[PDB]
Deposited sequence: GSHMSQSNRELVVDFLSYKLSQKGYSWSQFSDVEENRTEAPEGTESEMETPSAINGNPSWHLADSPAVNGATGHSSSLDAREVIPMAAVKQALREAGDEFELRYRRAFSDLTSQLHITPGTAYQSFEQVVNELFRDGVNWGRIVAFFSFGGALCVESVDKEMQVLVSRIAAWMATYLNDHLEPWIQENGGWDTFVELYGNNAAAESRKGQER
């Protein structure tokens, strides 16, 4: 019960570490938008080494982990998998979401704003004003 708070604290520390490392540093402050330090750092270095050693793995997730399992190396594989899982999922949605908006922006900008810009000195005069 009380030790489970420490486990949830480690899980979050790992995922935010992995996400930042992977270029999603807002992960540190995203939950806010709504010695432990030794254990954390140890687990971080561990997951790094796992990822470096092994390339890829090619609540249904709960079954997949039942496959992976019980020793420390597997507990580290467990954490690494979870981070790998998040990161992949954050990737897929980011690309999808961004390309949608980018498409809508580019589509609109060309269909509606372009005749006005070419007519009005172009992107040159824009820069000239600034």
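**Student:** What are the missing stretches of the deposited sequence, listed from start to end?
**Tutor:** Missing C-alpha atoms (numbering from 1) occur across the ranges 1, 36-84, 109-123, 135-137, 199-212.
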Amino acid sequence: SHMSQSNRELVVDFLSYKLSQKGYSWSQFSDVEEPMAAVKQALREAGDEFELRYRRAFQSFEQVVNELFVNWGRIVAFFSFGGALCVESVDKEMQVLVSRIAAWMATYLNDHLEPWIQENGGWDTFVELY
From here on, numbers count along this sequence of modelled residues.
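**Student:** Output the stretch having the higher mean C-alpha B factor in the entry; the candidates are 46-54 and 95-103.
**Tutor:** Stretch with the greater average CA B-factor: 95-103.
**Student:** I need to verify one thing: averaged over C-alpha atoms only, is the B-factor higher for 84-92 or for 60-68?
**Tutor:** Between 84-92 and 60-68, it is 60-68.
**Student:** Of the three thirds of its chain by CA temperature factor, lowest, middle or highest, which one includes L19?
**Tutor:** Its C-alpha B-factor, which the entry lists for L19, ranks in the lowest third among residues of this chain.
**Student:** Should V39 be placed in the lowest, middle or highest third of its chain by the C-alpha B factor in the entry?
**Tutor:** Answer is middle: the recorded C-alpha B-factor places it there.
**Student:** Relative to the other modelled residues of the same chain, rank the CA B-factor of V32 and answer lowest, middle or highest third.
**Tutor:** For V32, the deposited C-alpha B-factor lands in the highest third.
**Student:** Could you say whether, by C-alpha temperature factor, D13 belongs to the lowest, middle or highest third of its chain?
**Tutor:** Ranked within chain, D13 CA B lands in the lowest tercile.
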